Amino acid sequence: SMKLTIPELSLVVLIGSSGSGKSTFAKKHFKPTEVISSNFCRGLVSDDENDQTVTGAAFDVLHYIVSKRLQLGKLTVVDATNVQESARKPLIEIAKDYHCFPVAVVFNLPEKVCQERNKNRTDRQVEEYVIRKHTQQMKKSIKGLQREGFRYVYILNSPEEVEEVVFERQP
């Protein structure tokens, strides 16, 4: 098994390319209200979970919900790519505002895997350049995560490692 220890007061930030399996992973390990998805927020504001033109509004809503949850001391999982430092920054800041611990969970899978999964999706597929870009951004992000303020940094390096994950929620 791959045991990932997290405090009750965690902001768990999933970091991974489109096609890396973030949403599937979130559903497997967490209750629906614990997971706040950027795509779901695109849906909330626009009726379209895949409308990229409303990204600004979607993240405003996501950050607002994250703020309310952490204020109430509720463990929260951010299901978005989080592969740009500028995306992670407000999440860290909000977590610190409410004395919650940022946790990074990185889907460090080969680009080929994500591309194959994307090609086999029966839902929204992205163009190949999106996944190539996201993967490069994810890999460039790994080294600096602790310094950004992530108190726990967990890297998953293969589908086997992802599958072996067990979260251990320390009370």
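Residues carry their position along the shown sequence, with the first being 1.
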item: Residue range whose averaged C-alpha B-factor is higher in the record, 98-106 or 64-72; value: 98-106
item: 118-126 versus 52-60 - which carries the larger mean C-alpha B factor in the record; value: 118-126
item: Chain-relative CA temperature factor third for residue 113; value: highest
item: Entry-reported Cα temperature factor of residue 145, expressed as the chain third it lands in; value: middle
item: Within-chain third of residue 24 by Cα B-factor, per the entry; value: lowest
item: Among modelled residues of the same chain, the CA temperature factor third for residue 14; value: lowest
